[PDB]
Amino acid sequence: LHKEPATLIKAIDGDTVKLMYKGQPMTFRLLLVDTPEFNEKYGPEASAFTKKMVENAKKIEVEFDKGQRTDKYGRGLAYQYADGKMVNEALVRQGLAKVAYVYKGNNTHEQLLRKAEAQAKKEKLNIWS
Ligand SMILES: Cc1cn([C@H]2C[C@H](OP(=O)(O)O)[C@@H](COP(=O)(O)O)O2)c(=O)[nH]c1=O
Ligand SMILES: [Ca+2]
């Protein structure tokens, strides 16, 4: 897989961010994770975590996987990097997202994210507490 440039337009919630990608505004949904909705327990914490990570980054990148690049809502499906740190992994490692929505062909980083989840769970962090 390959990282490509994007710039932040606006944080939205724990697992969706508005980015400008090839010059066009798009809502991106993070691959392989599910954060609580803002109205649910840990939802505001997930939103805050992703907001801080993308707003503080000097460089955001998106990385598409091998399969579908947009979902049925027209959201981009990618892994997101903030100064080289994967947002998807960081949320899972902090117990603010569960690994989820693991569809065949878009699952390159599944085992990396499962390993982070196992660690967050061993630590009883957030959702796992
Ligand atoms: C993460 C992800 C979500 N989706 C769709 C499945 C779910 O459909 P439904 O809306 O019918 O439940 C929805 C979940 O996204 P959210 O967690 O953002 O609600 O997005 C994909 O199709 N592919 C993906 O990789
Ligand atoms: Ca969600």
# chains A, B, ... in the order shown; residues from 1 in each chain; ligands from 1

$ residues_near_ligand --ligand "ligand 2" --cutoff "9 Å" --atoms "only C-alpha atoms and all ligand atoms" --output "list in words"
residues 13, 14, 15, 16, 29, 33, 34, 35, 36, 37, 38, 43 and 97 of chain A

$ write_last_selection --atoms "C-alpha atoms" --output "CSV table (one decimal), in the first residue's frame"
chain,number,residue,atom,x,y,z
A,13,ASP,CA,-16.1,12.4,15.1
A,14,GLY,CA,-14.0,9.5,16.3
A,15,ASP,CA,-13.8,7.6,13.0
A,16,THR,CA,-14.7,10.2,10.3
A,29,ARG,CA,-14.2,6.9,7.3
A,33,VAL,CA,-12.5,0.4,13.3
A,34,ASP,CA,-15.6,1.5,15.0
A,35,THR,CA,-15.7,4.3,17.5
A,36,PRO,CA,-18.8,5.0,19.7
A,37,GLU,CA,-21.1,7.6,18.3
A,38,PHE,CA,-20.8,11.0,20.0
A,43,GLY,CA,-18.0,8.8,21.9
A,97,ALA,CA,-12.3,2.0,19.0

$ residues_around --residues "stretch 75-80 of chain A" --least-positions-apart "3" --cutoff "8 Å" --atoms "only C-alpha atoms" --output "list in words"
residues 26, 27, 28, 29, 30, 31, 60, 61, 62, 63, 64, 65, 68, 69, 70, 71, 72, 86, 87 and 88 of chain A

$ residues_around --residues "residue A:7" --least-positions-apart "2" --cutoff "10 Å" --atoms "only C-alpha atoms" --output "ChimeraX atom specification"
/A:5,9-10,18-23,25,54-55,57-62

$ select_by_dssp --residues "stretch 20-49 of chain A" --states "helix (DSSP H, G or I)" --output "list in words"
residues 43, 44, 45, 46, 47, 48 and 49 of chain A

$ residues_around --residues "residue A:32" --least-positions-apart "5" --cutoff "6 Å" --atoms "only C-alpha atoms" --output "list in words"
residues 99, 100, 101 and 102 of chain A

$ write_last_selection --atoms "N, CA, C and O atoms" --output "JSON list (two decimals), in the first residue's frame"
[["chain", "number", "residue", "atom", "x", "y", "z"],
["A", 99, "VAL", "N", -11.87, -3.06, 16.71],
["A", 99, "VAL", "CA", -11.67, -3.53, 15.34],
["A", 99, "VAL", "C", -13.05, -3.98, 14.89],
["A", 99, "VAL", "O", -13.79, -4.69, 15.63],
["A", 100, "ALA", "N", -13.38, -3.63, 13.68],
["A", 100, "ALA", "CA", -14.74, -3.84, 13.19],
["A", 100, "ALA", "C", -14.76, -3.66, 11.70],
["A", 100, "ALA", "O", -13.88, -3.04, 11.10],
["A", 101, "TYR", "N", -15.82, -4.16, 11.09],
["A", 101, "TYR", "CA", -16.03, -3.88, 9.66],
["A", 101, "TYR", "C", -14.86, -4.40, 8.86],
["A", 101, "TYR", "O", -14.34, -3.74, 7.93],
["A", 102, "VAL", "N", -14.52, -5.66, 9.09],
["A", 102, "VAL", "CA", -13.38, -6.27, 8.45],
["A", 102, "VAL", "C", -13.85, -7.02, 7.22],
["A", 102, "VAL", "O", -14.42, -8.17, 7.28]]

$ closest_residue --among "A:42, A:49, A:73, A:103" --to "residue A:12" --atoms "only C-alpha atoms"
A:49

$ closest_residue --among "A:48, A:94, A:17, A:122" --to "ligand 1" --atoms "only C-alpha atoms and all ligand atoms"
A:17
